[PDB]
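As structure tokens, the structure follows; a few thoughts come after it.
Computed from the coordinates by the stated procedures, all read-outs in this text should not be read as laboratory data. Every residue, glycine as well, gets a Cβ built from its backbone with ideal geometry; the counts of neighbours run over all protein chains shown.
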Amino acid sequence: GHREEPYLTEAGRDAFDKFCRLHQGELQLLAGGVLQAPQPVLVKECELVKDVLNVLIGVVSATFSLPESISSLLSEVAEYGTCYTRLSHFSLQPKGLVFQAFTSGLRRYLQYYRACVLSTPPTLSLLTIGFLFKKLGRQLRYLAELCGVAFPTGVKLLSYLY
Amino acid sequence: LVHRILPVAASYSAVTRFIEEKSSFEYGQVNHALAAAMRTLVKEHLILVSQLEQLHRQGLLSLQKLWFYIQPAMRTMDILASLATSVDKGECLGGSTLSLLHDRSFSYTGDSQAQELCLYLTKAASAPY
Amino acid sequence: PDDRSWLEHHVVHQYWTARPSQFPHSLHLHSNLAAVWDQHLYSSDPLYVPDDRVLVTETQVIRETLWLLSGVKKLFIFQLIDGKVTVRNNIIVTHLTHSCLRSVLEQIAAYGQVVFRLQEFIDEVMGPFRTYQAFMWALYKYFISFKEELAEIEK
Amino acid sequence: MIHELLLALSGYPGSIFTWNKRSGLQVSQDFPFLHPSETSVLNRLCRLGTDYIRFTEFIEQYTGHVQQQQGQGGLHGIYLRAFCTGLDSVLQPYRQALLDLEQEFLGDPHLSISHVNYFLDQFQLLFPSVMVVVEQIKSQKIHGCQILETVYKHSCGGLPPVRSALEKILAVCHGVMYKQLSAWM
């Protein structure tokens, strides 16, 4: 014996990088050299999840300024970070009195978002982040629709919110 | 995250300087009682820092924990430092820094994190009055 | 280069497609038989009639038969001619004289037609009645267990 | 090609599984990593992800999307949103299967073609069956309480998984009816 040797739908994570590299180089040759897109790799699995978690703090990777299917997965959580920043920018204030209380109540949700970030995962898998922040990311989108960042303020906003 | 945690140190230096510069009999008994109730919250801040030290030595404190931990007293120090600036700027003594606390207590009252503070500071400052 | 070499080493991919096939092996008549008989014939003056065939390897016939019998359709070995699956005889194993091969794959192909027709019927349901639907449901319920065993062997 | 498939089926399309609205998800069909035995399997597996993308798009589109700013009830209203709301919890086993598959592949990087097929063939009959229930609601502009009828008549079918799947959404849709009825009476 000397072992039949796997094929190109059984091996992965070494052959995935090789095939991604092959698919990429084929594409650039078939285009002409104008489809240039460096790195058929980057990052890892757990390290990539840690980077994705850090994007919610306010940092970006390299494809935004404020494996290649990672862009599609990454846009879904990157757009969450970019509206979380526009929420914290609007909860910076402590017109109207009821509007101040409303801001302090918004911070009771942002505190949950800040408690869960960098604490809850021991680094889950990549697809689990997209699934876990689907039922939770939609609510963040709802609070993005709620806030203005005209947009009402004061008792007019309290009555609208009623 | 480090940038957001530094402002409490300036807002702690301002609170410790009020007890020295405004402790003279020209500002009077009310200012002495006012700075002596400013002193109690600084005592409470140091009481926070001791238990946080015990968690940090064993590596069981992180910057995400410290951020959530120092956010409540950030507001506390913000109010006390702003009040120190206002009492210094108008050279207030007598009843003018017993009306200012009454005004601050209404100013933020929707959450009443600052209202209990200003109510306590007025309770302590109005006894010599 | 560098993905092509990686391929050439740890991947075979040359016998279900039109490429030359070899397998590293240690011949000597008991498994060279078909070539032995061919050389005997060629020495015997047939006259010529070449035996140009692509050479299939051995264990991978066994992969093909597990796949056909498990329930999935359309393989390289075992093609249709009118919609009924039959053996192809354009491949040659190093032994078996290429006649035992036609028989053994013909009997396994006789089983493959049976599973081919039923899977065709079940696939044409998803693209009132409630009885044939209720029968293809039972047939599929048997089929998943039957497929699981053959897949387990395939691993 | 291993991880790419899970990425495409979860709803973040691979660069191998090219998203189309006329052929859904589809394998490249011309590279030397695909061969006739696995081709049929790949074709079979692509359809579940094609349905999954439309499902997730439609759920995101009609749940939690406006604050109260169509008037059609087959595209908007509380009952349709309740349908999408039930649909996400009905779609949870697809998530469960894909996340479960990734663990075995991370443990062992060399596993068969049949493994992914075997895990995903319970979806193979169930997904198109619940597809026509959404298709009817959209087509006839099925407004309000008629949605309750639309799902209910095809959960009388003689297939147990389809029956369970449609029953879950019908419970969720009874929720909003009971919520209004608890006030009006």
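Name the single residue that is farthest from the chain's Cα centre (by Cα) among those in segment A:23-50 being more than 11 Å from chain D (Cβ to nearest Cβ), surrounded by 11 or more Cβ atoms within 10 Å (Cβ to Cβ) and of a type in the set (A, V, I, L, M).
A:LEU35
With respect to A:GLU76, determine if the residue is away from chain B (no Cβ under 14 Å), charged (D, E, K, R) and in a helix (DSSP H, G or I).
yes
Scan segment C:126-136 and tell me whether some residue there is within 20 Å of the chain's Cα centre (by Cα), within 17 Å of D:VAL41 (Cβ to Cβ) and not in a loop (DSSP other than H, G, I, E, B).
Scanning segment C:126-136 turns up no residue that is within 20 Å of the chain's Cα centre (by Cα), within 17 Å of D:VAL41 (Cβ to Cβ) and not in a loop (DSSP other than H, G, I, E, B).
With B:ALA33, B:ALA84, B:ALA124, B:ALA114 as the choices, which residue is farther than 30 Å from A:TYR112 by Cα and either within 14 Å of chain A (Cβ to nearest Cβ) or within 12 Å of the chain's Cα centre (by Cα) (or both)?
Only one candidate passes the filter, namely B:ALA84.
Scan segment C:110-135 for residues that are under 23 Å from D:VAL116 (Cα atoms), at the interface with chain D (Cβ under 9 Å from one of its Cβ atoms) and surrounded by 12 or more Cβ atoms within 10 Å (Cβ to Cβ) and report the count.
4
Quick one: is A:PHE151 away from chain B (no Cβ under 14 Å), surrounded by 16 or more Cβ atoms within 10 Å (Cβ to Cβ) and over 12 Å from A:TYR84 (Cα atoms)?
no
In segment D:94-140, what residues are assigned to a helix (DSSP H, G or I), closer than 16 Å to D:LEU6 by Cα and of a type in the set (A, V, I, L, M, F, W, C)?
Passing the criteria: D:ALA97, D:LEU98, D:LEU99, D:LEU101, D:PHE105, D:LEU106, D:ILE113, D:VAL116, D:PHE119, D:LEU120, D:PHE123.
Taking D:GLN61 as meeting all but one of (1) over 18 Å from the mean Cα position of the chain (by Cα); (2) assigned to a helix (DSSP H, G or I), write down the number of the exception.
Going through the list (1) over 18 Å from the mean Cα position of the chain (by Cα); (2) assigned to a helix (DSSP H, G or I), D:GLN61 breaks only (1).
With (1) farther than 21 Å from C:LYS73 by Cα; (2) in contact with a helix residue (DSSP H, G or I) (Cβ under 7 Å, 6 or more places away or on another chain) as the list, and D:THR50 as the residue in question, which single condition is left unmet?
Against the list (1) farther than 21 Å from C:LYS73 by Cα; (2) in contact with a helix residue (DSSP H, G or I) (Cβ under 7 Å, 6 or more places away or on another chain), D:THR50 comes up short only on (2).
From A:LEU97, A:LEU118, A:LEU106, which residue is surrounded by 14 or more Cβ atoms within 10 Å (Cβ to Cβ), more than 10 Å from every other protein chain (Cβ to nearest Cβ) and of a type outside the set (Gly, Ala, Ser)?
It is A:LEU106.
Name the one entry in B:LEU66, B:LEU52, B:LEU6, B:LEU80 that is loosely packed, with under 11 Cβ neighbours inside 10 Å and out of contact with any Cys (no Cβ under 7 Å at 6 or more places or on another chain).
B:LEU6
For D:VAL151, work out the one condition from (1) buried (at least 16 other Cβ atoms within 10 Å of the Cβ); (2) within 14 Å of chain C (Cβ to nearest Cβ); (3) not polar (S, T, N, Q) it doesn't fulfil.
Evaluating D:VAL151 over (1) buried (at least 16 other Cβ atoms within 10 Å of the Cβ); (2) within 14 Å of chain C (Cβ to nearest Cβ); (3) not polar (S, T, N, Q) leaves (2) as the failure.
Surrounded by 12 or more Cβ atoms within 10 Å (Cβ to Cβ) and of a type in the set (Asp, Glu) - does that describe any residue in segment C:80-99?
no
Each row is one residue, and each column tells you yes or no for (1) within 13 Å of chain A (Cβ to nearest Cβ); (2) touching a strand residue (DSSP E or B) at 6+ places or on another chain (Cβ under 6 Å); (3) at negative phi; (4) not in a loop (DSSP other than H, G, I, E, B).
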residue: C:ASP2; (1), (2), (3), (4): yes, no, no, no
residue: C:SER5; (1), (2), (3), (4): yes, no, yes, yes
residue: C:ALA18; (1), (2), (3), (4): no, no, yes, no
residue: C:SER21; (1), (2), (3), (4): no, no, yes, no
residue: C:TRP37; (1), (2), (3), (4): no, no, yes, yes
residue: C:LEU47; (1), (2), (3), (4): no, no, yes, no
residue: C:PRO50; (1), (2), (3), (4): no, no, yes, no
residue: C:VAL54; (1), (2), (3), (4): no, no, yes, no
residue: C:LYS74; (1), (2), (3), (4): no, no, no, no
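Under 7 Å between Cβ atoms, which residue pairs at least 6 apart in sequence (or on different chains) link something in segment A:41-69 that is within 23 Å of A:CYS20 (Cβ to Cβ) with a partner that is charged (D, E, K, R)?
The qualifying pairs are A:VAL41/A:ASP17; A:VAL43/A:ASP51; A:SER61/A:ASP51; A:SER69/D:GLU4.
Which ones in segment C:56-72 are within 12 Å of chain D (Cβ to nearest Cβ) and assigned to a loop (DSSP other than H, G, I, E, B)?
Listed by number, the residues that qualify are C:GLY71, C:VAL72.
Yes or no, residue by residue, for (1) in a helix (DSSP H, G or I); (2) under 19 Å from D:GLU4 (Cβ atoms); (3) among the polar types (S, T, N, Q):
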site	(1), (2), (3)
A:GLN24	yes, yes, yes
A:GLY33	no, no, no
A:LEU42	no, yes, no
A:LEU53	yes, no, no
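Any idea which of (1) over 30 Å from D:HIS35 (Cβ atoms); (2) surrounded by fewer than 16 Cβ atoms within 10 Å (Cβ to Cβ) is the one D:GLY107 doesn't satisfy?
(1)
Take the residues in segment D:64-103 that are farther than 15 Å from A:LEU127 by Cβ and hydroxyl-bearing (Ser, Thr, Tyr); name whichever of them is nearest to the chain's Cα centre (by Cα).
Restricting to residues being farther than 15 Å from A:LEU127 by Cβ and hydroxyl-bearing (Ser, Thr, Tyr), the top hit is D:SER89.
Taking segment C:7-16 as the search range and keeping residues that are in contact with a helix residue (DSSP H, G or I) (Cβ under 9 Å, 6 or more places away or on another chain) and under 22 Å from C:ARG102 (Cα atoms), which one is nearest to the other protein chains (Cβ to nearest Cβ)?
Looking at the filtered set, the residue picked out is C:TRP16.
Within segment A:1-22, track down each residue that is facing chain D (nearest Cβ under 7 Å) and outside any loop (DSSP other than H, G, I, E, B).
A:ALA11, A:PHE16, A:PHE19
Across segment D:1-37, what is the total count of residues that are facing chain A (nearest Cβ under 9 Å) and of a type in the set (D, E, K, R)?
Qualifying residue count for the region: 1.
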